[PDB]
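Form solved without this ligand, single chain, as structure tokens, below.
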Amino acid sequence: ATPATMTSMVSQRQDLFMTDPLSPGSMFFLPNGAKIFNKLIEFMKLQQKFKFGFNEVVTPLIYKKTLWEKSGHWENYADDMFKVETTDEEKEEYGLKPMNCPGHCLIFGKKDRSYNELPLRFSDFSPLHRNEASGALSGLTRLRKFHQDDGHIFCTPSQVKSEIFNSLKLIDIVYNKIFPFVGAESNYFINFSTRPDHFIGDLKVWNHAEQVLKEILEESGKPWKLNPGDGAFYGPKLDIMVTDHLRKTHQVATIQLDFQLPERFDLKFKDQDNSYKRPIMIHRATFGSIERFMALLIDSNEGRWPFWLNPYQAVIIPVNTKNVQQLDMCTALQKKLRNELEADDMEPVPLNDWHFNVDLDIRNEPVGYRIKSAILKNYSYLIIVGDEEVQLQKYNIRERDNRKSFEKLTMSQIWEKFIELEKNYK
């Protein structure tokens, strides 16, 4: 079985995604797929805004050909770029953005910048488009449209290493802490991607940029490999490489050292001596393609999501669907955990309340088969209620991946237990 196949099998079983040839290379996120998608974005936004000092911006999707010419993307990134011309009488040429670099340069240039605000970090969770061949499309790994935690840092020379080390820290949080993956201790190795045949700028600067990067690479102690000619046209980069269960490698994140784009946009800040100076840019993405990241999570978990990510967090199963006592206790729990409001009052859903994806299977089917269905769907928890549970007023709850043991918990305890799980990414 291939990863694309595993992704597809899980998607069909959990109703995650769908595709349509009227929009080739672009995913549809069904409700369950969107829940996972949004969960990942929410998590990443938090780390970037409240831990790594990033400020999110929201940018246009299409830009006139001119901007791409000014950045150097139009030529030096021509084949990957999704180019269009409008079909109105005055056919203007456009590029759907394949990345946010130029737009973020416009933003940097919009206000007078001072050394006071460096490093200046912008994050952007926008749809990117890249027009690659039909025969190159594969599941969620290769798409024409995908989302990315695009990000750009504007800093001074003495800030470069610190900024890249903090970049690596976030990368490690994602790939070596929060998520489980199945050679070395780390779930990735670094590709040292060097000057491409077609590069913009001066060779001695390029040499300098590659020297700085390699020094950081060495100081990090992280395993790395030389990756000749795969740098961006504007600078060399550290590409984070994750390995398939079929031992195929994928770039999932990147850190790019860019001394060139600032030149092309005439970027400048007022230094600690009132002189003007070019900021250095660090391009960065931790998820890279969020779609690709999800595909790789699935390659490892085979649909067995962590509780906090799971669109199927818990199912509640009454032994006898005709029993009012069992039903009441089940319904009571579902309402508590879902924490929803009625559409009949003017009372709004408050910010930062907890809401859990828990379902209630009262289908007229044998209890054993309702349980088997829940198992196939990879519910993180199975919550069963029989006469004894009603009597004790405690729920029988067991975790999907624990085979024999189980807990008997009150409604309040389950509530707090789930809060604990999700709050801290279990």
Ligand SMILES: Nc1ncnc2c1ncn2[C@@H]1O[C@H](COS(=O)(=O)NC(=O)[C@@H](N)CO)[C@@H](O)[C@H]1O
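Residue numbers here begin at 1 and follow the sequence given. By rigid core we mean the largest C-alpha set that fits within 1.5 Å across both forms.
The discussion below concerns the form solved in complex with this ligand, not included here.
- None of the heavy atoms of residue 97 is located within 4.5 Å of this ligand in the deposited complex.
- For residue 103, no non-hydrogen atom is located within 4.5 Å of this ligand in the deposited complex, even though that partner is not displayed.
- Although the partner is absent here, residue 191 lies well away from this ligand in the deposited complex, with no heavy atom inside 4.5 Å.
- Taking the partner from the other structure, this ligand in the deposited complex has a heavy atom within 4.5 Å of a heavy atom of residue 372.
- For the three marked residues, 245, 417 and 423, no heavy atom of any sits within 4.5 Å of this ligand in the deposited complex.
- Looking at 195-203, 335-343, 127-135, 308-316, the stretch with residues near this ligand in the deposited complex, meaning non-hydrogen atoms within 4.5 angstroms, turns out to be 127-135.
- This chain lacks the partner; the member of 141, 167, 123, 326 within 4.5 angstroms of this ligand in the deposited complex by a non-hydrogen atom is 141.
- The only C-alpha among 115, 74, 82, 308 that moves by 2 Å or more between the shown form and the other one, given a superposition on the rigid core, is that of 82.
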